[PDB]
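Before any questions on how it binds or moves, here is one chain, the form deposited in one PDB entry, in structure tokens.
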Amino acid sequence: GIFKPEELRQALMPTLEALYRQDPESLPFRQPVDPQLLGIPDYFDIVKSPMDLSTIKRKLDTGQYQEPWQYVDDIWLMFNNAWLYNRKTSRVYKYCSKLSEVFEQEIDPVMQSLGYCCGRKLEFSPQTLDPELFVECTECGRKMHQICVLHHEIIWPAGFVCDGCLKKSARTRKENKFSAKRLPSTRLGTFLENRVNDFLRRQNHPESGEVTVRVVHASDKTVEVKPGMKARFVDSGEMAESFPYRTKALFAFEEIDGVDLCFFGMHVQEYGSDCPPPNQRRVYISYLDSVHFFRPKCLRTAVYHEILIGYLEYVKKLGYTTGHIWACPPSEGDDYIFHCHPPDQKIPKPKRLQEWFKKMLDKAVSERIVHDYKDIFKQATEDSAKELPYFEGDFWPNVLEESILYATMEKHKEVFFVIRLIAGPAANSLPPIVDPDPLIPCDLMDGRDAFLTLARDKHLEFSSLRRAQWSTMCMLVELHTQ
């Protein structure tokens, strides 16, 4: 026992009385359902654990609840039975939804007054609902959402100690060494975060946190020319068989309410100077993703721009001549790089996404980082299908197979950006591209599949700030302990 029964009763009874006072919405919930009198003889075939307000009151009054989650559980048992048994359009269903809304408001400040994280009954997103897990304070015995208190067994193996118990004993929580800042740095990561933090300091907005950019994957790969064009151009001995590239994964994190938040992810393909044409000295953005919790809101878009402009600046200086972006929005539900985006984070329509890349590239011109950029139509004109750069997982390889030319580039022109970084003479007499960062092997971050799979297995959602904080903590433990 943590509480005197009278203490628990005096704290919770007012939240019960809040529900009882709601009339008519409490009328179906005041007494045990009597299926005979109500003419619903199938009630007990569907509802196996009936619960009502008079029962909960008698449990409070007789000291039956040992800790308040038991009370919250009986409340949500009572709501769930009504939502299970009654139609969505029914009066009782709608009354039950009203009481759940009044309960949500009342329980929170009460559960926080008794030293709990919150009073919420929490389930994961559909991907039947998996319940959120609880951890137990080793000092006081209170149970709390694992996600509310960000308790990870690998970071803190001796167990969870709540803020209230730590303050009581004049201790602070042992530092999280599995942080984004303590991930191994790269010249690329440093260059990007230095550009982002220089920009944020110049803005001098009080809400902004430090930003971290970490390259977390770097491996050498090859894209093989698919059979239906190997037959035409490769087998003859005209086009090269396979194009070697470096695949890199990077993430940007922000300090929000004292902890790491992963808010941006990018995969790139880097076809260097020892790469046969038409891929020679090109970079390709495989995929971009974000989680909209960057603070402040008013700088979110600029920060994304600073990372992307930063990346183009950096590869230019190494000797890449051209950047390529397939400006195509995702369509994998609430997933892409990040599992389970916030439900109010809208995927942009093709037009808005094109206007967003356009805006980013106009700033890059103003800075003399991008010399010029155009749609693949106007750059194919200004330059056979053998001469198009051939990138792993891109639209263009797949569409030339559907055929086996100029027809297709016109109808889908605005979705393909070609970005001249080094144009004209300067491009001709360049040193070899040498990447000064080591290879970073990491199977979890090798393409976007493996991390989506882990996030599905382990309910690493990005659907709210609190869940995105827990998922950021969990991904960083994985990245440090590989």
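C-alpha atoms forming the largest set that superposes within 1.5 Å between two forms make up the rigid core. For every residue, the number given is its place in the sequence shown, counted from 1.
In terms of unmodelled positions of the deposited sequence, the stretch from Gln127 to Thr128 in this entry skips 10 or more residues.
Going from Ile404 to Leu405, you skip over 4 to 9 residues of the deposited sequence that the entry leaves unmodelled. When the two stretches 199-207 and 94-102 are set side by side, the higher mean Cα temperature factor goes to 199-207.
Per the PDB record, of the two stretches 168-176 and 235-243, 235-243 carries the greater mean B-factor over its C-alpha atoms.
Out of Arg87, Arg300, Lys386, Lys143, the entry records its largest CA B-factor for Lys386. For the set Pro35, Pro68, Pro28, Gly424, the maximum C-alpha B-factor listed in the entry falls on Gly424. Annotation for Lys374: C-alpha temperature factor in the highest third relative to the rest of the modelled chain, per the entry. When all modelled residues of the chain are sorted by CA temperature factor, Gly265 is found within the middle third. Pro397: CA B factor lies in the highest third for its chain, per the PDB record.
Among the modelled residues of its chain, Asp163 has a C-alpha B-factor that falls in the middle third, as given in the PDB entry. Compared with the other modelled residues of the chain, the Cα B-factor recorded for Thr453 ranks in the middle third.
In what follows, reference is made to the form deposited in another entry, a form of this protein that is not presented.
Core-based superposition between the shown form and the other one shows that, of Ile40, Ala423, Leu439, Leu454, only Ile40 has its Cα displaced by 2 Å or more.
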